[PDB]
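S.K.: Have a look at the structure that comes next, please.
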Amino acid sequence: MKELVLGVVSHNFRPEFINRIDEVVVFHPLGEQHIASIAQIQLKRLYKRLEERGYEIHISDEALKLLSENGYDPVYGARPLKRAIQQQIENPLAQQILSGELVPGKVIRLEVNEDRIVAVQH
Amino acid sequence: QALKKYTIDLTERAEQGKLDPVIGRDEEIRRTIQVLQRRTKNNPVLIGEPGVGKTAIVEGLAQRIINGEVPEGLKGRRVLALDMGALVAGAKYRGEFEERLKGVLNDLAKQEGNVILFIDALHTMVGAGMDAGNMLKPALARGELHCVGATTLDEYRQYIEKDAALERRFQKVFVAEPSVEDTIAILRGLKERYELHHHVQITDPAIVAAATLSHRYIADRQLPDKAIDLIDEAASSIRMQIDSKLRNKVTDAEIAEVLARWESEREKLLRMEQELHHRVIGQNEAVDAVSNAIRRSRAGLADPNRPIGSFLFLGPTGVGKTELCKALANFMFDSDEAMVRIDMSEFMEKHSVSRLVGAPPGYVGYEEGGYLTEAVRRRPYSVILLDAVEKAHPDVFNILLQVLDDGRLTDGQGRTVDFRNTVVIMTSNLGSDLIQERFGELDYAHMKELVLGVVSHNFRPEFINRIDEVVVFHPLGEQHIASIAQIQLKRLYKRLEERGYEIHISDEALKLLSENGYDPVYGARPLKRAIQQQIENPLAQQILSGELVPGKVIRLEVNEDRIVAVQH
Amino acid sequence: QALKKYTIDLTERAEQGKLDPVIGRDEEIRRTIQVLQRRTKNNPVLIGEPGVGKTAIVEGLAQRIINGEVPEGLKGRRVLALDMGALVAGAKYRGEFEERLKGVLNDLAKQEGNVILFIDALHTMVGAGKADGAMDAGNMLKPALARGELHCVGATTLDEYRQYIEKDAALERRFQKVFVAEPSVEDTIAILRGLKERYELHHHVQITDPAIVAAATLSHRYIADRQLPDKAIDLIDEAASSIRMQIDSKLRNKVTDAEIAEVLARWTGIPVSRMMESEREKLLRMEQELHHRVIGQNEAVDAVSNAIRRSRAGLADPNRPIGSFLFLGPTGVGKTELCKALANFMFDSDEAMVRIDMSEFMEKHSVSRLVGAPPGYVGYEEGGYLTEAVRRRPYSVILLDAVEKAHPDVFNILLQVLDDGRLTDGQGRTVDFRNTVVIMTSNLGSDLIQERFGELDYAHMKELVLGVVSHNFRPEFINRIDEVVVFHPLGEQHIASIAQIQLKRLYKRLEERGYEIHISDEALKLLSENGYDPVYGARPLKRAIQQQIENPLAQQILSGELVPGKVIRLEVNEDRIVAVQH
Amino acid sequence: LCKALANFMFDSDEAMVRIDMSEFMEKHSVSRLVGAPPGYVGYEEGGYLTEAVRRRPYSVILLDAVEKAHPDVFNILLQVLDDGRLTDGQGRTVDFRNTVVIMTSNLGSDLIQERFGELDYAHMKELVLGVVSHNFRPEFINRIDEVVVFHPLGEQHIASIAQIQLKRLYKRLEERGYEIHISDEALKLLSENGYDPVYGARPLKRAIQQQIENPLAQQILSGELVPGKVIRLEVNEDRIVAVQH
Amino acid sequence: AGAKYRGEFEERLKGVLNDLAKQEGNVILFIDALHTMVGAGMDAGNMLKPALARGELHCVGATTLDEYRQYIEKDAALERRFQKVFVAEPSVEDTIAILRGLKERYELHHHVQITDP
Ligand SMILES: Nc1ncnc2c1ncn2[C@@H]1O[C@H](COP(=O)(O)OP(=O)(O)OP(O)(O)=S)[C@@H](O)[C@H]1O
Ligand SMILES: Nc1ncnc2c1ncn2[C@@H]1O[C@H](COP(=O)(O)OP(=O)(O)OP(O)(O)=S)[C@@H](O)[C@H]1O
Ligand SMILES: Nc1ncnc2c1ncn2[C@@H]1O[C@H](COP(=O)(O)OP(=O)(O)O)[C@@H](O)[C@H]1O
């Protein structure tokens with residue numbers, strides 16, 4: 001693969017220009033568990049943003065599997081997962097918070113529907 | 001006077017005789033007399049590269065005036081010279097160029113036209129912010145101006161041939177660079193002045209040696225400027241050698257010292273087989289063929305409209321084919337950097353030709369230019385490298401026939417790209433297994449003839465007609481490629497000794513390194529990358545942990561299947 | 001006063017008579033007077049292309065004022081050549097230029113309608129006082145212009161008019177356009193007959209009046225740089241200085257038309273020079289000199305000899321080029337050799353010419369490579385290669401080789417070329433091809449020529465190959481050809497003579513190397529046996545000479561075998577050719 | 001005919017706007033007739049055409065070899081023949097309502113050499129106008145006022161052309177100084193040596209060129225002829241030579 | 001600093017140049033920033049240019065290659081009195097030797113000591 005893409009860049013560029021590269025390196029699509037780990041990272045920064053808002057959030061691992069099965073295809077990149085997170089978490093959450101409903105202090109548990117994600121206040 | 005502000009009298013010092021006894025360039029002085037003795041348009045201009053003695057032309061005209069060697073209309077004149085570099089650099093705001101300019105014009109109107117002015121850099125007069133074409137162009141047509149212009153043809157047609165009204169007054173006088181023998185004649189006219197200055201003598205064989213070597217090796221400044229510079233600085237060096245704490249005659253040895261610092265040509269051409277085996281092992285017959293072709297090109301019997309040598313290369317790639325081209329460029333002209341690697345694998349169409357030679361105007365790759373010819377224009381003494389020439393479109397071979405016939409090639413942009421100073425290397429691998437499988441005990445010549453017949457059935461016969469010699473590039477054995485791996489280990493140890501580490505090796509480790517990436521099908525660079533990736537990566541892993549110390553003996557001892565580094 | 005500081009009285013100079021006699025220009029001076037006697041916008045501007053005599057119109061008007069040959073309203077006036085450099089120069093302070101210009105304008109109002117103002121370089125008056133927040137001269141003159149109370153006279157080039165005045169319409173309508181055309185030949189001869197007295201008083205020499213009419217005639221025909229009368233005046237002046245230095249340095253005392261031709265040939269090198277007996281015996285030995293390099297192929301030598309003689313003999317078709325040719329023959333019969341022979345005859349060099357091989361142009365759009373690219377596109381500011389290569393040195397030879405390779409519609413360009421010698425590059429200026437020779441080569445009926453050059457006349461062979469050419473080209477294009485010639489395969493005697501020529505240039509280059517070398521005629525016979533075929537001609541002789549001479553001889557020179565001064569006979573081996581050292 | 005128009009109208013042969021479409025073989029060169037649009041390379045130079053009609057409006061536009069161009073260049077001339085206003089790259093209009101627009105082509109000259117006989121002028125104009133309708137669009141050809149048809153030149157016209165070219169030859173040679181006569185039979189040799197009804201008048205001219213000027217330039221450059229002599233173009237059995245009397 | 005007239009600073013410059021002509025080659029001068037003498041504000045560079053082109057100047061210049069290339073080489077008489085005498089950057093070891101030349105200077109000023117490692 002490195003040899004063939006090196007031939008491709010040789011079709012693109014000067015030949016001895018790309019000899020001066022430190023190394024022709026390859027980035028690639030990624031596997032299943034990497035998606036779940038980086039989704040946990042994005043959930044962590046979401047927790048940080050809403051803790052700076054003043055809100056504290058618990059998640060279901062079922063909801064993590066819902067995210068990992070909804071915002072998934074290696075064929076494009078990461079940001080389908082990012083806007084899947086964005087939509088399916090924040091949009092009901094922005095519906096609930098600007099409603100003036102969520103009192104701080106109560107745990108924002110990311111419960112699930114059959115497909116969607118619900119935040120409750122018990 | 002305002003003449004005591006920006007003008008220089010040369011009839012002053014020439015009446016004193018205190019200028020250069022200018023010898024040569026008589027015809028340019030004659031045409032200056034032709035323009036200056038007209039009734040109108042009496043402002044000649046001198047055209048040439050800077051440093052051709054145009055100031056000396058004006059001063060020699062002044063000396064002919066003082067000597068009375070001029071006709072009776074040039075007499076009583078005063079040679080003047082105006083600055084074009086202070087009328088603008090002093091000019092802060094509106095009208096300080098023009099104020100000084102009109103002051104000069106009126107104070108020369110007091111002089112009543114008995115004054116000849118010099119002006120260099122006529123291009124500077126056009127653009128200074130309007131400025132002076134609109135104020136000298138009347139005096140250019142009034143005839144009361146007696147200017148002497150001096151610039152170069154390229155700035156002349158870039159700036160000055162725009163406005164034809166400025167063009168119609170000045171009269172072009174081409175002052176080219178003088179020859180080596182004209183330089184000899186001028187310096188023999190000026191050896192007396194040097195030897196009366198430093199109270200020494202001058203070797204005239206060292207003069208002609210300085211002229212020849214200054215013409216050959218250095219092209220920064222030109223004749224006669226560089227010869228004056230080298231003679232005066234070498235005379236200064238000899239003067240310091242005399243007055244340090246012994247010869248008065250400056251020798252050509254000091255000329256060569258100031259030449260290289262501030263001769264190995266002919267026998268290096270004669271010993272070119274040893275030169276090719278200075279860095280490349282194996283391919284002895286190919287070395288002999290290349291060296292004989294180089295010497296025959298330097299023999300001076302072939303066509304002066306044809307290049308150094310026409311070549312086609314065959315055999316297994318990567319074994320040192322490119323390395324041969326690198327060492328050939330090194331001991332041919334300079335170094336390992338005058339070469340252009342070109343894959344003919346890409347070019348298979350008509351717009352392939354439009355890429356490689358040059359686009360027609362109005363199209364996609366035009367001032368991006370041709371892939372070959374622009375790189376030739378940048379490096380006029382190089383070696384042209386081609387790769388997989390069998391993968392070319394057939395009309396590219398018409399361009400190749402133009403190369404091997406005329407030694408020149410009009411690009412898409414429309415100019416001349418000379419080829420009589422490079423080496424056409426074209427590499428292929430059509431008769432690969434004919435040489436690889438029959439490497440054993442078959443000669444160089446009949447294998448060459450056999451694969452020559454094969455490629456004759458492959459390529460065009462008129463194409464390979466122009467080829468001087470096709471070397472074989474027989475597959476090197478394990479000992480030659482092992483020795484090349486040893487040389488790579490030597491330069492590796494050289495760079496690590498630049499880093500500063502005493503490093504040894506096991507011979508079994510050397511055998512395993514030689515047997516990492518040995519392959520007759522691909523080339524030597526698999527062995528290179530194999531040894532590279534095996535050694536280099538765990539090395540720095542051991543280093544930056546804080547294990548290795550500069551000065552410790554590092555034997556590359558073997559593991560069972562690996563190589564371990566020790567610190568002893 | 002302020003008029004003394006910044007204006008120059010031309011009428012006082014013509015009162016001293018220190019200005020040039022101006023003859024002609026009657027409708028131009030009359031319309032200038034008609035504009036100068038008006039009520040609003042009195043101001044004529046001499047739009048004329050650079051160097052047709054525009055300053056001299058106003059100078060002749062000043063002389064007609066001094067002589068009193070004007071209407072009564074202009075008798076006693078003063079023409080003041082206004083200076084712009086006198087006004088810009090002293091003012092880096094704010095308002096100091098406007099101070100000067102307003103003081104000048106108040107003086108011109110004070111002069112009660114008696115001063116005619118002349119402003120040379122009106123385009124210098126446009127960008128005059130352009131300091132940061134400053135009026136130019138336009139914003140200050142512009143009141144007094146269109147109240148009629150200033151009698152300005154402009155004098156500008158037409159290209160300066162477009163950029164510097166038509167960009168500013170306000171000052172552009174304040175004047176009155178006076179087109180001042182370049183004069184025709186006969187009136188320019190009349191003007192030069194007027195100006196003979198000045199140059200006779202200057203250089204103390206005389207001028208042939210046939211040399212004057214020849215200078216005007218050849219200047220209008222051949223020089224395309226400058227414009228009349230400027231180029232002819234410069235011819236006469238430079239000839240006068242040349243005659244003055246021929247007398248004064250080390251013969252004659254006048255300026256003949258041969259001196260005009262020598263000036264023109266020194267300036268470019270179009271061979272207008274009269275047939276001196278060296279040149280004329282050279283030209284009568286045309287075919288003899290062409291067979292000093294090209295053996296055989298007599299008929300094209302005859303045709304091109306005829307064409308160049310008709311060119312040099314003053315029988316040139318003054319619109320078509322010198323010779324519009326077409327070469328036809330099989331591969332390797334020295335067509336390019338004949339073209340290099342013409343270049344060597346004409347210019348003492350083979351590659352003092354332009355060869356453009358049309359095998360490079362197998363696509364259509366390389367038309368734009370040789371004629372240029374339009375405004376807007378990429379290579380606009382460079383020109384076409386062919387047009388520029390002519391535009392430097394118009395007297396040259398334009399060679400097109402391998403004409404069957406290109407697309408058929410490249411040859412509308414050469415329709416223009418062989419109709420008038422005119423070609424219009426991408427910037428849009430004409431390039432005169434009236435001093436060019438166009439040679440086109442192909443290998444169309446090479447099978448037919450190799451088949452039927454025997455047992456056939458030259459004429460019906462030319463007929464049949466012309467039929468083949470009409471199968472190839474357009475009927476428009478082949479009408480433009482002066483003559484189509486037919487080549488033929490050579491006999492072995494021609495190739496032996498070519499081998500003799502190669503031995504001559506070889507011995508020349510080896511005397512340059514410094515070796516006295518001879519050859520056995522048996523070796524010449526072996527070389528004639530080697531590089532011979534009727535199908536390909538002498539390119540097999542080229543490669544045979546190449547290999548069997550350049551490899552062993554240069555190999556033995558570098559072997560230290562060949563000592564200079566030794567007689568070196570190139571004798572034969574059993575199958576090869578051996579050098580000896582005797 | 002167009003240069004004769006220039007000679008009548010301006011007392012001058014080569015004073016006309018000759019923009020030959022034989023360079024304009026692409027849709028590109030519309031730019032080089034109406035200048036580059038703003039921001040591009042030769043913007044401040046304008047069109048070649050609209051500048052040189054803004055200088056002198058009363059002139060002749062000449063478009064020789066008009067069919068060679070890419071067929072959608074003529075839309076410029078849709079404007080020129082509808083109103084005679086053209087808009088170059090600098091936005092301004094150059095008013096062509098005094099210009100004399102002339103176009104010359106040979107779109108059916110095989111058919112015109114084939115059938116100018118045995119058909120009248122009207123049906124020939126009809127059929128060649130059908131051919132031009134196959135080569136142009138109805139937009140363009142509806143603008144042209146008169147589309148004439150030209151026929152080739154028979155022997156009388158060839159004799160007249162030979163006389164005019166020998167007039168300009170003698171007119172050149174008068175400044176060379178050699179008043180030369182001719183045999184009246186030599187005119188018949190030129191007619192019989194210049195006659196081919198498929199190429200018109202130029203083979204006549206180059207036959208005149210060869211069969212007169214090559215002995216003439218041969219004998220003048222021979223060091224043989226002195227000015228003022230009565231010189232005649234007497235014939236040989238096949239040649240025509242110059243004699244000195 | 002001691003001049004405030006257009007014709008007193010220039011008077012000083014003229015008098016010093018006449019004294020340089022008077023000393024008859026014994027004085028070998030140095031002036032750094034020759035481009036600054038070109039543009040100081042008749043500017044002083046063009047005032048000393050007669051002392052260039054009269055065979056009297058024994059001065060030395062000092063600048064960057066940019067000002068020598070632009071403000072000097074592009075001038076004519078200012079070119080043909082000089083060379084491209086290039087000041088090199090020294091070595092690290094030469095720098096350490098020069099530091100040893102002036103270690104004691106800084107130590108005696110600041111009352112401290114400097115270690116050679
Ligand atoms: N025929 C000659 N006799 C004596 N000295 C000569 C002759 N030709 C050139 N020189 C010297 O060659 C040197 C060339 O310097 P310049 O006159 O400055 O060259 P240039 O042609 O004027 O170009 P630039 O732009 O001024 S460097 C001077 O020192 C001249 O004195
Ligand atoms: N009718 C004429 N009679 C006499 N001399 C003439 C005549 N027309 C032009 N000349 C001369 O032609 C030369 C050039 O004409 P000028 O007017 O000086 O040039 P110009 O008109 O200023 O052109 P530009 O704009 O400066 S490029 C002068 O020497 C005039 O004397
Ligand atoms: N009559 C001749 N005189 C001199 N050289 C000739 C002649 N005929 C052929 N040659 C040689 O043969 C080659 C033919 O050149 P060229 O005219 O380019 O061939 P082509 O006929 O294919 O155009 C030349 O390079 C020349 O060396």
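Identifiers for the structure tokens are assigned positionally: chains receive A, B, ... in sequence, residues are indexed from 1 per chain, and ligands are indexed from 1 in the order shown.
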Near residue A:36, counting only C-alpha atoms, which residues have an atom at most 10 Å away, once you skip same-chain residues fewer than 5 positions from it, shown as a ChimeraX atom specification?
M.R.: /A:31,41-42,64-65,67-69,72,81
S.K.: Extract, using only C-alpha atoms, all DNA, RNA and protein residues at most 10 Å from stretch 16-18 of chain E, discarding same-chain residues fewer than 6 positions from it, and format them as a PDB file with N, CA and C atoms, in the first residue's frame.
M.R.:
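Saved to selection_34.pdb:
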```
ATOM      1  N   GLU E  10      28.220  70.809   6.850  1.00  0.00           N
ATOM      2  CA  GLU E  10      28.860  70.637   5.556  1.00  0.00           C
ATOM      3  C   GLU E  10      30.222  71.315   5.523  1.00  0.00           C
ATOM      4  N   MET E  47      28.862  63.604  -1.231  1.00  0.00           N
ATOM      5  CA  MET E  47      29.924  64.575  -1.006  1.00  0.00           C
ATOM      6  C   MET E  47      31.284  63.905  -0.887  1.00  0.00           C
ATOM      7  N   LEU E  48      31.337  62.694  -0.335  1.00  0.00           N
ATOM      8  CA  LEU E  48      32.604  61.980  -0.280  1.00  0.00           C
ATOM      9  C   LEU E  48      32.901  61.214  -1.556  1.00  0.00           C
ATOM     10  N   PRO E  50      33.369  62.454  -4.562  1.00  0.00           N
ATOM     11  CA  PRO E  50      34.608  63.001  -5.145  1.00  0.00           C
ATOM     12  C   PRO E  50      35.881  62.503  -4.479  1.00  0.00           C
ATOM     13  N   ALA E  51      35.886  62.307  -3.160  1.00  0.00           N
ATOM     14  CA  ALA E  51      37.084  61.761  -2.529  1.00  0.00           C
ATOM     15  C   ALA E  51      37.288  60.298  -2.896  1.00  0.00           C
ATOM     16  N   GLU E  56      41.959  59.809  -3.331  1.00  0.00           N
ATOM     17  CA  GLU E  56      42.338  60.354  -2.038  1.00  0.00           C
ATOM     18  C   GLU E  56      41.779  59.581  -0.854  1.00  0.00           C
ATOM     19  N   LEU E  57      40.821  58.686  -1.062  1.00  0.00           N
ATOM     20  CA  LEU E  57      40.106  58.060   0.038  1.00  0.00           C
ATOM     21  C   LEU E  57      40.820  56.786   0.462  1.00  0.00           C
TER      22      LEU E  57
END
```
S.K.: For chain B, list the residues within 10 Å of chain A, counting only C-alpha atoms, and write the list as JSON, numbers by chain.
M.R.: {"B": [340, 341, 342, 343, 345, 346, 371]}
S.K.: 7 Å from ligand 2 is the threshold here; counting only C-alpha atoms and all ligand atoms, which polymer residues fall inside it? Answer as number ranges by chain.
M.R.: B: 141, 164-165; C: 20-25, 50-57, 156-157, 191, 194-195, 229-230, 233
S.K.: Output N, CA, C and O atoms of each residue in that selection to a file, as a tab-separated table (two decimals), in the first residue's frame.
M.R.:
```tsv
chain	number	residue	atom	x	y	z
B	141	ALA	N	15.81	65.88	-28.30
B	141	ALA	CA	15.51	66.37	-29.64
B	141	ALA	C	16.10	67.75	-29.91
B	141	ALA	O	16.26	68.12	-31.07
B	164	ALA	N	8.33	54.59	-27.82
B	164	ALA	CA	9.16	54.71	-29.02
B	164	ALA	C	9.72	56.11	-29.20
B	164	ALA	O	10.74	56.28	-29.89
B	165	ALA	N	9.09	57.12	-28.59
B	165	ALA	CA	9.61	58.49	-28.67
B	165	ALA	C	10.92	58.63	-27.91
B	165	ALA	O	11.78	59.43	-28.29
C	20	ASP	N	13.62	75.19	-37.59
C	20	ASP	CA	13.76	74.51	-38.86
C	20	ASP	C	12.70	74.98	-39.86
C	20	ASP	O	11.58	75.30	-39.47
C	21	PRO	N	13.06	75.05	-41.14
C	21	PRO	CA	12.06	75.32	-42.17
C	21	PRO	C	11.08	74.16	-42.26
C	21	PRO	O	11.48	73.00	-42.27
C	22	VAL	N	9.80	74.49	-42.28
C	22	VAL	CA	8.73	73.50	-42.29
C	22	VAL	C	7.91	73.73	-43.55
C	22	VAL	O	7.43	74.84	-43.79
C	23	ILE	N	7.76	72.68	-44.34
C	23	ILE	CA	7.23	72.80	-45.69
C	23	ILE	C	6.10	71.80	-45.86
C	23	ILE	O	6.30	70.60	-45.65
C	24	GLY	N	4.93	72.29	-46.23
C	24	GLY	CA	3.77	71.44	-46.41
C	24	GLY	C	2.75	71.60	-45.31
C	24	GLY	O	2.59	72.71	-44.79
C	25	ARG	N	2.05	70.51	-44.98
C	25	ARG	CA	1.15	70.42	-43.83
C	25	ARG	C	0.03	71.44	-43.87
C	25	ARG	O	-0.40	71.93	-42.83
C	50	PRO	N	3.90	58.56	-33.28
C	50	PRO	CA	5.13	59.21	-32.81
C	50	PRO	C	6.22	59.42	-33.84
C	50	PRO	O	6.86	58.46	-34.29
C	51	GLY	N	6.45	60.68	-34.19
C	51	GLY	CA	7.50	61.04	-35.12
C	51	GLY	C	7.03	61.31	-36.53
C	51	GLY	O	7.68	60.89	-37.48
C	52	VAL	N	5.91	62.01	-36.69
C	52	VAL	CA	5.47	62.43	-38.01
C	52	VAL	C	5.63	63.92	-38.23
C	52	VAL	O	5.31	64.41	-39.31
C	53	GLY	N	6.11	64.65	-37.23
C	53	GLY	CA	6.42	66.06	-37.43
C	53	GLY	C	5.52	67.02	-36.69
C	53	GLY	O	5.32	68.15	-37.13
C	54	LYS	N	5.00	66.59	-35.54
C	54	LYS	CA	3.94	67.34	-34.87
C	54	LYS	C	4.47	68.61	-34.24
C	54	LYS	O	3.81	69.65	-34.29
C	55	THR	N	5.65	68.54	-33.61
C	55	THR	CA	6.31	69.73	-33.10
C	55	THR	C	6.62	70.70	-34.23
C	55	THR	O	6.47	71.92	-34.08
C	56	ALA	N	6.97	70.16	-35.39
C	56	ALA	CA	7.30	70.98	-36.54
C	56	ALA	C	6.08	71.69	-37.12
C	56	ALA	O	6.26	72.72	-37.77
C	57	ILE	N	4.87	71.19	-36.88
C	57	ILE	CA	3.68	71.92	-37.30
C	57	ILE	C	3.58	73.25	-36.58
C	57	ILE	O	3.42	74.31	-37.21
C	156	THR	N	0.50	65.46	-28.92
C	156	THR	CA	0.60	64.17	-28.25
C	156	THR	C	0.53	63.02	-29.23
C	156	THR	O	-0.11	63.09	-30.29
C	157	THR	N	1.23	61.96	-28.87
C	157	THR	CA	1.09	60.67	-29.51
C	157	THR	C	-0.31	60.13	-29.29
C	157	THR	O	-0.95	60.43	-28.28
C	191	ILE	N	9.60	67.30	-48.73
C	191	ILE	CA	10.09	67.82	-47.45
C	191	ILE	C	11.59	67.63	-47.33
C	191	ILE	O	12.32	68.55	-46.92
C	194	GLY	N	13.35	70.06	-49.21
C	194	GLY	CA	13.44	71.30	-48.46
C	194	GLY	C	14.59	71.31	-47.48
C	194	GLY	O	15.28	72.32	-47.33
C	195	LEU	N	14.84	70.18	-46.82
C	195	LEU	CA	15.79	70.13	-45.72
C	195	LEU	C	17.21	69.81	-46.15
C	195	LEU	O	18.07	69.59	-45.29
C	229	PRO	N	8.32	61.42	-41.55
C	229	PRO	CA	9.57	61.53	-42.29
C	229	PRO	C	10.76	61.15	-41.46
C	229	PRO	O	11.87	61.31	-41.93
C	230	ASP	N	10.51	60.63	-40.26
C	230	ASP	CA	11.56	60.50	-39.26
C	230	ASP	C	12.65	59.52	-39.68
C	230	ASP	O	13.84	59.82	-39.54
C	233	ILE	N	14.86	61.06	-42.61
C	233	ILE	CA	15.73	62.08	-42.06
C	233	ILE	C	16.90	61.46	-41.32
C	233	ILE	O	18.05	61.89	-41.47
```
S.K.: List all protein, DNA and RNA residues that have an atom no more than 9 Å from any atom of ligand 3, counting only C-alpha atoms and all ligand atoms, and report them as an mmCIF file with C-alpha atoms, in the first residue's frame.
M.R.:
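File produced: selection-v6.cif:
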```cif
data_model
loop_
_atom_site.group_PDB
_atom_site.id
_atom_site.type_symbol
_atom_site.label_atom_id
_atom_site.label_comp_id
_atom_site.auth_asym_id
_atom_site.auth_seq_id
_atom_site.Cartn_x
_atom_site.Cartn_y
_atom_site.Cartn_z
ATOM 1 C CA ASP B 405 19.839 15.140 -34.311
ATOM 2 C CA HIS C 291 26.659 22.292 -55.686
ATOM 3 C CA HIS C 292 29.572 22.991 -53.385
ATOM 4 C CA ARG C 293 27.433 21.429 -50.659
ATOM 5 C CA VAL C 294 24.566 19.633 -52.415
ATOM 6 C CA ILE C 295 25.437 17.265 -55.205
ATOM 7 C CA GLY C 296 22.558 16.323 -57.488
ATOM 8 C CA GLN C 297 18.947 17.535 -57.403
ATOM 9 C CA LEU C 328 8.979 17.084 -52.369
ATOM 10 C CA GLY C 329 11.041 13.918 -52.345
ATOM 11 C CA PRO C 330 11.864 10.657 -50.587
ATOM 12 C CA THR C 331 13.473 10.474 -47.173
ATOM 13 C CA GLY C 332 17.103 11.498 -46.966
ATOM 14 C CA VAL C 333 17.908 13.286 -50.214
ATOM 15 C CA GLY C 334 19.270 16.441 -48.604
ATOM 16 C CA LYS C 335 16.229 18.713 -48.567
ATOM 17 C CA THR C 336 17.355 20.201 -45.263
ATOM 18 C CA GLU C 337 20.835 20.296 -46.798
ATOM 19 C CA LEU C 338 19.531 22.516 -49.582
ATOM 20 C CA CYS C 339 17.886 24.796 -47.040
ATOM 21 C CA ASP C 401 9.754 20.551 -42.504
ATOM 22 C CA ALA C 402 7.637 17.381 -42.459
ATOM 23 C CA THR C 441 9.154 19.755 -47.414
ATOM 24 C CA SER C 442 7.288 16.470 -47.410
ATOM 25 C CA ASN C 443 7.588 12.854 -48.542
ATOM 26 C CA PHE C 487 13.336 15.480 -55.842
ATOM 27 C CA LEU C 490 20.414 9.646 -55.894
ATOM 28 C CA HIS C 494 26.192 11.330 -55.694
ATOM 29 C CA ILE C 495 26.724 9.433 -52.447
ATOM 30 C CA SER C 497 30.594 12.821 -53.797
ATOM 31 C CA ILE C 498 28.819 13.337 -50.464
ATOM 32 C CA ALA C 499 31.404 11.041 -48.879
ATOM 33 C CA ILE C 501 32.427 16.293 -48.854
ATOM 34 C CA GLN C 502 32.363 14.518 -45.490
ATOM 35 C CA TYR C 536 16.687 5.990 -47.449
ATOM 36 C CA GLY C 537 19.479 7.855 -49.223
ATOM 37 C CA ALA C 538 22.422 9.175 -47.267
ATOM 38 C CA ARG C 539 21.251 8.829 -43.687
ATOM 39 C CA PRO C 540 22.632 5.272 -43.947
ATOM 40 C CA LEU C 541 25.743 7.022 -45.235
ATOM 41 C CA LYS C 542 25.482 9.283 -42.169
#
```
S.K.: Please extract the residues at most 10 Å from ligand 1, counting only C-alpha atoms and all ligand atoms, and provide them as a PyMOL selection string, using the chain letters and residue numbers of this document.
M.R.: (chain B and resi 19-26+46-60+120-121+150-152+175-178+182-183+185-190+221-229) or (chain E and resi 73-77+79-80)
S.K.: Interatomic distance between atom CA of residue D:225 and atom CA of residue C:306?
M.R.: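 We find that atom CA of residue D:225 and atom CA of residue C:306 lie 18.0 Å from each other.
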S.K.: For residue A:104, list every protein, DNA or RNA residue within 8 Å, evaluated using only C-alpha atoms, and leave out those in the same chain fewer than 6 positions away; present the list as a ChimeraX atom specification.
M.R.: /A:54-56
S.K.: I'd like to know which of B:315, B:394, B:73, B:412 is closest to chain C, using only C-alpha atoms.
M.R.: B:412
S.K.: Identify all residues of stretch 222-469 of chain B in helix (DSSP H, G or I) (DSSP on the backbone) and supply them as a PyMOL selection string.
M.R.: chain B and resi 225-242+252-260+266-270+272-276+284-299+321-332+350-356+373-378+389-391+396-406+432-436+444-458+461-465
S.K.: Using only C-alpha atoms, find the residues of chain D whose closest atom to chain C is at most 9 Å away, then write them as a ChimeraX atom specification.
M.R.: /D:19-23,25-26,28-33,35-48,64-65,68,169,172-173,176,199,202-203,206,209-210,213-214,216-218,220-223
